[PDB]
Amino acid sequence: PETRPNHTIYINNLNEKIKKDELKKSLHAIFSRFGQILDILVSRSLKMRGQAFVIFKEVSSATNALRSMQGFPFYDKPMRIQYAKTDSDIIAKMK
């Protein structure tokens, strides 16, 4: 069962060999155009490696971002995107 639209896009199948700092930057480099970005969260832990949460300020941005970049080659691997299953705290602390 797919997910409902969200301010945060969840991406996976990301090249795990990239360090956290560089990955956040490289990601912001290709997604900042779809709209303001509140934050990007990356973890290289066993459970969270290869994944990232790009938190957009406006749902439309995430939505665009989702349709446009789906499957985009990044660090030699086809990005896989979805909407986050739930709101990120940064969002809750507001709407």
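One-based numbering along the sequence shown.
> What third of the chain, by the recorded C-alpha B-factor, contains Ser60?
CA B-factor rank for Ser60: highest third.
> Can you tell me which third, lowest, middle or highest, the CA B-factor of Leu38 falls into for its chain?
For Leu38, the deposited C-alpha B-factor lands in the middle third.
> Lowest, middle or highest third: where is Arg67 by C-alpha B factor in its chain?
It belongs to the highest third of the chain when residues are ordered by C-alpha B-factor.
> Hey, what third does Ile81 fall into on Cα B-factor, ranked over its chain?
Ranked within chain, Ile81 CA B lands in the middle tercile.
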